[PDB]
Structure formats: structure tokens, C-alpha cells
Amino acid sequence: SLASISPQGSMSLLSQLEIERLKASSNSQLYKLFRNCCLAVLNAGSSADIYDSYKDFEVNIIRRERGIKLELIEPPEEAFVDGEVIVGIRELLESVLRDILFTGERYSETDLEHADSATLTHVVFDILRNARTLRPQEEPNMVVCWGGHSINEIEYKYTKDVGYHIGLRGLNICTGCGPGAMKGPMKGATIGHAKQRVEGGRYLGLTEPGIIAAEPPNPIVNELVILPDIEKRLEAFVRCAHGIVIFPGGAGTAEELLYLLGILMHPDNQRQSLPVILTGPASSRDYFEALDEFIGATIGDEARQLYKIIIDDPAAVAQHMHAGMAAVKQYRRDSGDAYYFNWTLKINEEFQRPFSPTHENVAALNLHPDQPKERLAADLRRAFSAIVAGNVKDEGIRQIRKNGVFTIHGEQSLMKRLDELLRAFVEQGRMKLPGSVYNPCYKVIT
């Protein structure tokens, strides 16, 4: 089958020379990356079986007499309504090409992996700016929502309610794409925004090629940005956020929280105003008590102080985000900082340097409490990232098949705390969607 799509944006202005350049066999890595990201978006209705299921799917950007076409060959039929692609999906496909070509033409893999801290931040800024994500005529308004991909009905309803109350305050939502808690808040917000007659409500999705197949963008996402890697996505979250709401989740939400806390612990960041709320329904009380205990036992009370826990109160969560926008606006003004990008935030290179989750790199992590606590948070971040990769990313699953489980080790008492945390994730269904068993991609050496 063939869907020959006429792009409405910049793709419609590619020259024959540019198309020939993209189709050159020397450019196949970039062209394949595009194909793979298109598939993730089209199949949103984890990487080791979905890339093997639509093996016959291909793209072909081609100049026809009537103009440039994006041909989709054997696409998921769920992306179409009477053989016409869902309009939001079309927009997301054009977004995908935009980001892949922009990054591919400006930055080498050496730039992206091995540049200094300042350069890696500028890369994040440059990609966001080209995506038209950054609006200098807007006051703080963006709430980043983090949470589990795999959550029950009670938890899911709670995320929708929180999103609804946030939308009623006229605030926008940014998530990392995907099901569960990364979609619910956006759906809820669409209701809040409609009641408030909000035009141009912003639903920001930030992703990267490694995670996009496992956590794919729903077409309610109206601004999609593909960052080059997981570290640049994390940086995009914290540079764009004006507030952060964190629901219960698994290893991915564990990774984001440790990223966030490790950075905010930094002496240079004590000045920051950035409201962070951990929140869930009444049933999540035990979850949050134990997570708060984990944070205290690992990186200390200097980190526990950075957030507030609100249980079973969607209106209060939204009130906190709303009061927070005023404090953030005041912070950026007083600091000579932009509303649209938090330049004053100080992110150490241990939080930016791209981590390749191999068995050697995972074993080399220093998980002991005689470290500066910011360094401990950095390595804990990398450790959760390896677990995410071994669970859902294509290359990560490959590492598990050739070497077996990752070995995570460190100080006895800390590894005992980590072992309990991860067991709780498995037990609560947080590591994998229902329907089959979860086999851990890791072992914690206690």
C-alpha cells in the first residue's frame, strides 16, 4: 500500500539536489533514522518486537510533478481514517524530518558526544529554537509532567484530573510522549483549556530516537521535538520547565527525578525558583513514603527539601503550579534570565555526557555514599538509564541478549535500598505493560 502525503511545511520546498543528497547511500544512517522515527509515530496506537513487526514499512521522499511527496509504504493502518492520514500524525511526521535533518546537517556525532558543557547546552537550545519551541513573548506557563508509562486506572484518572486543573489555570503541558502518565495530563488539559476558551494551548512532546519507539507520541501532541539523545532530552525538560509535576512511575521516572534532584542540589542552583510537586491518588501514599525514604537514604535531606508531596488533591497541585509561575517569573526577571529557556541553571557535565549503557560502563558506576551527593545522583541517573535501555531500547535489549543481565554494584546498604525500590517497581507493574512476564535486565549485587 502507498500513502503519498503532500507536506504543508518546509519539506514541500526541498530541491531535487537535496533529495538526492538525502537518498545517497553515504546518508543512509540519517535516512534510516527518519524511517524509524516515522514508524514510531505512525504506530502509537518494545523496540525488539515492533521494529520486527513492521519490517516491510518504508519511506520515500520524492519529487513528483505536482510537488514533493512523502510516500509511506505499508504503514500502520491505525494512522489513517478512510485511507487519509490523521492530520496531527502528518504534522508530527514533518516535525520528525525537521529535527533529524537540522541536527544531521549541523552536528557530527563527535560534537554531540564529546563537546564541552556549554556547547552541549547550546546544541539543546539550537534544536529547540529551530523547532519554534521558544517563545519570547510568553511569561512562564509550561508544566513538565513526568510519570509511569504503565499505571492502573486509579493512577491514570488522577493524572487526567491534575491535567484538567492545570488547564483550567491556563497553563500548558510538556511530557516525554508515550502512554500512561505521559498522555493523561494532556487529555485532561484539553478539557480545562476548552472551558477557558484557550486558543493555541501548547502540548509539548520531547523525545529522542532511542526512546521514541517504546514511548511514542500520541497525535494530541501539537509540538514535537526530537533531541539527539536521552541526556539532551533531560536537559530540554529542565531548561524549558517552569514547574514540574511527578507522578508514580518506574525506572524512567526514577531516572528523571534523580537527574532533576542532582542538578538542583548544586550550590549554583540554590538561587532557583522551580516548583516541583510529587503527587498521586490516595493509593499512592505508601509509594511516595518509600520513594521519599529512598531519596533521604541516598542523596540526603538536602534533596528531599527540593519538592513537596501532595496526595489526592488535583486542585492543590494546580494551585501550586499557578503560584509557582509567579515565583518563576520573579526569579527570571531578578536574574536577567529568559522566560523561555533557563540559562542560569547550572548543569554539570556528569549530567550531560552521553552514557552508553554497556555492561562495562554499568559495572564501572560508583554507587557508594562517600561521594559528593551530586556525583552519586549522576551515577544513580546513569544506572536507572541502563535499566530503561535494557527494558525497552533496541540496542539495550541487544546488550542483554549477548551479555545477559547488567550487574549493578556498590555499597551494601545503598544496594539494599535500590534492590527494594526496583522490587517495588516490578511488584506494582511499573516495569512492563500487562500481558506478559517482566524478566529483569539487571541484578543488584547486595
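Residue positions are given as counts along the sequence shown, with the first one as 1.
In the deposited entry, the stretch joining residue 45 to residue 46 is interrupted by 4 to 9 residues of the deposited sequence lacking coordinates. Judged by mean Cα B factor in the deposited record, 310-318 ranks above the other of 165-173 and 310-318.
Here 437-445 and 2-10 are compared by their mean Cα B-factor, and 437-445 comes out higher. Annotation for 68, 387, 39, 405: 405 ranks highest, by Cα B-factor. When the C-alpha B factors of 381, 401, 63, 35 are read from the deposited coordinates, the top value falls at 401. In the deposited entry, the Cα temperature factor of residue 248 places it in the middle third of its chain's modelled residues. When the modelled residues of the chain are ordered by C-alpha B-factor, residue 80 sits in the middle third.
Among the modelled residues of its chain, residue 193 has a C-alpha B-factor that falls in the lowest third, as given in the PDB entry. Among the modelled residues of the chain, residue 430 sits in the lowest third by CA temperature factor in this PDB entry. The entry lists a Cα temperature factor for residue 294 that places it in the highest third of the chain's modelled residues.
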